[PDB]
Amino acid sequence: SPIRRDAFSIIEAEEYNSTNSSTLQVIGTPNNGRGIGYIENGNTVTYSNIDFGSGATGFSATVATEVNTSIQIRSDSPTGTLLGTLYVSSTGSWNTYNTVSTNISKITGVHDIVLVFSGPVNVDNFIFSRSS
């Protein structure tokens, strides 16, 4: 998977750098894209060297799920700074994707990003939004 990436261009969830998961699979999406699924509570997924430049204050992910769930967004490691939490309610099916966004604390420079899952969700991609 890429060693580094820009925070302000689409990051593919299936191009992760490490995970603790023993269940996670790369899955297909309805329009022949890919994502990650078979995710369980406590799973972490790490994306290396995301460059936030002069600042990001939002996060958007394209997700599908049939359960209410949340995803923590952490910097540097699973126990690094909690930037925010994305709360996702059911999108209607495991193949109905929705773009969902949340606020995060302003982060700058280059950091790894860890997504921490409280339950099953399928994730196609995500992107950050620049600070004002």
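The first residue of the sequence shown is number 1, and the count goes up from there.
key: Candidate residues 27, 50, 63, 45, the one whose C-alpha B factor the record puts highest   = When the deposited C-alpha B-factors of 27, 50, 63, 45 are compared, 27 is largest.
query = Comparing residue 69 with the other modelled residues of its chain, is its CA B-factor in the lowest, middle or highest third?
reply = For residue 69, whose C-alpha B-factor we compare with every modelled residue in the chain, the answer is the highest third.
ask   = Among the modelled residues of its chain, does the C-alpha B-factor of residue 21 lie in the lowest, middle or highest third?
value = CA B-factor rank for residue 21: middle third.
ask   = Sorting the chain's CA B-factors, does residue 84 end up in the lowest, middle or highest third?
value = Its C-alpha B-factor, which the entry lists for residue 84, ranks in the lowest third among residues of this chain.
ask   = Against its chain's modelled residues, does residue 57's Cα B factor rank lowest, middle or highest third?
value = It falls in the bottom third of the chain.
Residue 32, C-alpha B-factor rank within chain (lowest, middle or highest third) = It falls in the top third of the chain.
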